[PDB]
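**Q**
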Amino acid sequence: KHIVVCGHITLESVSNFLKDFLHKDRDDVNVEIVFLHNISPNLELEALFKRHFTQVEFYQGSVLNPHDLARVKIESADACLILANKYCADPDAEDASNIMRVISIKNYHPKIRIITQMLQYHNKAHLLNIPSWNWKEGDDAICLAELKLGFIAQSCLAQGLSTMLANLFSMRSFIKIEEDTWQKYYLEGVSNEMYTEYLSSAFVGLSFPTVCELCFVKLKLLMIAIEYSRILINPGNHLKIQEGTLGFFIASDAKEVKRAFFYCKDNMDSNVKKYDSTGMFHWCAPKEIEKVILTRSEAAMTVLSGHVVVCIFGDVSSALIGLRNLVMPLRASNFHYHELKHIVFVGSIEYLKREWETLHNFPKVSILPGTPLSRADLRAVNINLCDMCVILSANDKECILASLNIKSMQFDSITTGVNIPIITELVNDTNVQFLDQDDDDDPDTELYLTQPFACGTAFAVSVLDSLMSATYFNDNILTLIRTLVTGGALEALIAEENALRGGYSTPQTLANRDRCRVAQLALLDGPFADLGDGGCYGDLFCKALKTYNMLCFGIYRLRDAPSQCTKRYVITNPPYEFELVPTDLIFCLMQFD
Ligand SMILES: [Ca+2]
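Residue numbers for the sequence shown, in this note's numbering: 35 to 627.
Below, the structure written as structure tokens:
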């Protein structure tokens, strides 16, 4: 029993893959992980892998030559996994080559299961032309851009979200930290993973919320979503559990998840296109780029707050990031218009000009041609008043620099820029060291343990690698992440035209507005103030979905809870009796209105 892992095979990705797969593979005694890449062995730096692991085989060939597919025994492989060169300078060419891989592989034996990565969402669509590619029967494409920027978009609604998600499918061994440090409660959250299990018969006919409560109280399971088909994240009262309903769970061990299966005892306003045809996203007629370009002085004249500043490094030759993947989720029809966060891009207009083709259908987007390094540009766009600052590079030193330059900026009674929401996307793990000064840097302490990561202040693509194995073991985890992260899913129409098309709001489209959204919640003013002082997370949770159909799934705590530092870290799915603090913020899914 074996899987073939081909594509971009690097000591760096091999050892990373093997780490992922063997933490999650319950019975790793059977499986052979068979690697296949054209580059010559590296028999020295490679037989140490044949050493540390007994279930590994390397081969010389390439997936395109049918004889190699034979001498690797693809016909009998459980699945074949294609790894992409995440950092390749011509993504479209890299994506094409893996599609070619798929084709060759399916031509040989059209029933093998293929998991692959794609760089760009527009390339993902082409796999649908391959007659033997079947999403339904478990072929998967992990799209790097849609998920990278989806993670980041959600984090603008709830900081830290990106890293909370990442730890639910990165598979690691608890460190057993005993001191009463922030690291301690953080590592507790990390131990949680995401599982999927059918619901006991005893539940059928009950409402999602009642059942959710039972899982929480009786079973100590966090149930976040439901499927019969399309996934429903945290639906409301009107939604009953029928038979053969699949449940989505966060919990620290697979054993506890099983319990859930074994339970006993006005005229004109109608004429404005405000949405895409499915009523799933806010839409607007294609504004021409000029209507949206700002000058430093214009931007200065307007005050902005609660907005998203997206700093971008790149020029005409840069490969397109595919920014629609960032702005689309932030334009989901389940936000109220007034509520949408304005997005301001700061970067080369020559670059941005290119992205604009796919962005011209989203409201409240504007571009200030400038540089994330210019303090004046950053002052004009009111960086200190913003809701989140996203720092991205196109195909790290620039980003880090931008990041550092904001923190060391002064405002107004004078305020320092150390406390503004930043998320920087990194290409190299090792240099997260530079993101903040008050942390404890070590060059081989894994990314997920560094302060910046725990705090949702850094994101790397490397994190989406462990998603490879996660989706091998459980197809559904991927489709959940995707559903949550991108807003909703419609995958058919974007596949055709590569553009959201606008429509007139019919009541059935307006129904699609009724979905949950990610949000962060304060315990200062809310109807939960009382619970602030030494209350139970469980008591909160309970009142939350009881009174509001609002599911909570974590805390965002100040690491220092005497200090001025407002850095916060993620605590995923705490137990019932976890003690609240009034300065806490809570990760929740809220119902539409
Ligand atoms: Ca540091």
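We treat Cβ as the ideally placed atom computed from N, Cα and C, and that holds for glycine.
Within the same chain, show all residues whose beta-carbon is closer than 6 Å to that of residue 381, passing over the 5 residues directly before and after it, in chain order.
**A** Looking up residue 381 in the sequence shown gives position 347. Taken in chain order, the residues that qualify are 346.
**Q** Cα-Cα, which of 350, 432, 511 is closest to residue 175?
**A** Start at 1 with the first residue of the sequence shown, and residue 175 comes out as number 141. Per the Cα distances, 511.
**Q** How many angstroms separate the CA atom of residue 167 from the CA atom of residue 219?
**A** The residue you call residue 167 lines up with position 133 of the sequence shown. The residue you call residue 219 lines up with position 185 of the sequence shown. The alpha-carbon atoms of residue 167 and residue 219 are separated by roughly 43 Å.
**Q** How about residue 202 and residue 606: are their beta carbons less than 8 Å apart?
**A** Taking the first residue of the sequence shown as 1, we reach residue 202 at position 168. Taking the first residue of the sequence shown as 1, we reach residue 606 at position 572. Contact flag set, yes.
**Q** In its own chain, which residues sit with a C-beta less than 7 Å from the C-beta of residue 258, not counting the 5 before and 5 after it?
**A** To locate residue 258, count along the sequence shown from 1; it is residue 224. These residues qualify, in order along the chain: 267, 268, 282, 284, 585, 587.
**Q** Where residue 286 and residue 405 are concerned, what is the direct C-alpha to C-alpha distance, given to the nearest angstrom?
**A** Position 252 of the sequence shown, counted from the start, is the residue given in the question as residue 286. Position 371 of the sequence shown, counted from the start, is the residue given in the question as residue 405. The straight-line gap from Cα to Cα measures roughly 44 Å.
**Q** Cα separation between residue 566 and residue 574?
**A** Walking along the sequence shown from the start, residue 566 turns up at place 532. Walking along the sequence shown from the start, residue 574 turns up at place 540. Residue 566 and residue 574: Cα-Cα distance of roughly 9 Å.
**Q** Between residue 465 and residue 454, what straight-line distance do the alpha-carbon atoms span, to the nearest angstrom?
**A** Counted from its first residue, the sequence shown places residue 465 at position 431. Counted from its first residue, the sequence shown places residue 454 at position 420. Approximately 21 Å, taken between the alpha carbons.
**Q** When you compare the CB of residue 402 with every CB in chain B, is at least one pair closer than 8 Å?
**A** Among the chains in the structure shown there is no chain B, since it carries only a single protein chain.
**Q** Who are residue 326's beta bridge partners in DSSP?
**A** Within the sequence shown, numbered from 1, the residue matching residue 326 stands at position 292. Per DSSP, none; premise fails for residue 326.
**Q** In whole angstroms, what separates the C-alpha of residue 527 from that of residue 225?
**A** Translated into the one-based positions of the sequence shown, residue 527 becomes position 493. Translated into the one-based positions of the sequence shown, residue 225 becomes position 191. If you take the alpha carbons of residue 527 and residue 225, they lie about 39 Å apart.
**Q** DSSP puts residue 310 in a beta bridge; with which residues?
**A** For the purposes of this step, residue 310 is taken as residue 276 along the sequence shown, with counting starting at 1. Answer by DSSP bridge pairing, in chain order: 536.
**Q** Could you check whether residue 355 and residue 364 sit closer than 8 Å to each other, using their CB atoms as the reference points?
**A** Along the sequence shown, read from residue 1 onward, the residue named residue 364 stands at position 330. Along the sequence shown, read from residue 1 onward, the residue named residue 355 stands at position 321. Contact: no.
**Q** Using a Cβ-Cβ cutoff of less than 7 Å, which residues in the same chain neighbour residue 67 once the five nearest sequence positions on both sides are dropped?
**A** If you number the sequence shown from 1, residue 67 lands on position 33. Only 37, 39, 52, 55, 89, 90 meet the Cβ criterion.
**Q** Got a sec? Which residues, its chain only, sit under 7 Å from residue 463 by beta carbon, not counting five neighbours each side?
**A** Looking up residue 463 in the sequence shown gives position 429. Cβ neighbours of residue 463 beyond the five flanking positions: 481, 494, 496.
**Q** At which residues does the beta strand (DSSP E) containing residue 259 begin and terminate?
**A** Your numbering for residue 259 matches position 225 in the sequence shown. Here the beta strand (DSSP E) through residue 259 covers 256-261.
**Q** Quick one: give me the first and last residue of the alpha helix (DSSP H) that residue 36 is part of.
**A** Sequence index remark: in the sequence shown, residue 36 carries index 2 (1-based). Element bounds for residue 36: not the alpha helix (DSSP H) but the beta strand (DSSP E), 36-41.
**Q** Report yes if the CB atom of residue 609 is closer than 8 Å to the CB atom of residue 589, and no otherwise.
**A** Taking the sequence shown and counting its residues from 1, one reaches residue 609 at position 575. Taking the sequence shown and counting its residues from 1, one reaches residue 589 at position 555. The answer is no: Cβ separation not under 8 Å.
**Q** Tell me whether residue 437 is buried or exposed, calling it buried when 16 or more other Cβ atoms sit within 10 Å of its Cβ.
**A** Residue numbering aside, residue 437 sits at position 403 when the sequence shown is read from its first letter. That one is buried.
**Q** CB of residue 430 to nearest heavy atom of ligand 1: below 7 Å?
**A** Taking the first residue of the sequence shown as 1, we reach residue 430 at position 396. Flag unset: Cβ of residue 430 not near ligand 1.
**Q** Going by CA-CA distance only, name the one from 87, 83, 82, 81 that's closest to residue 62.
**A** In the sequence shown, the residue the question calls residue 62 occupies position 28. Of the candidates 87, 83, 82, 81, the one whose C-alpha sits nearest the C-alpha of residue 62 is 87.
**Q** Which residue wins for smallest C-alpha separation from residue 399, given the options 328, 252, 82?
**A** Locating residue 399 in the sequence shown gives position 365, where the first residue counts as 1. The shortest C-alpha separation from residue 399 is found at 328.
**Q** Can you tell me where the beta strand (DSSP E) holding residue 277 begins and where it ends?
**A** As a first step, residue 277 must be located in the sequence shown, where it is residue number 243. Note, residue 277: premise wrong, no beta strand (DSSP E); not H, not E.
**Q** Should the region 312-319 be regarded as contacting the region 157-164, the criterion being three or more beta carbon pairs within less than 8 Å?
**A** They do not touch, by the three-pair rule.
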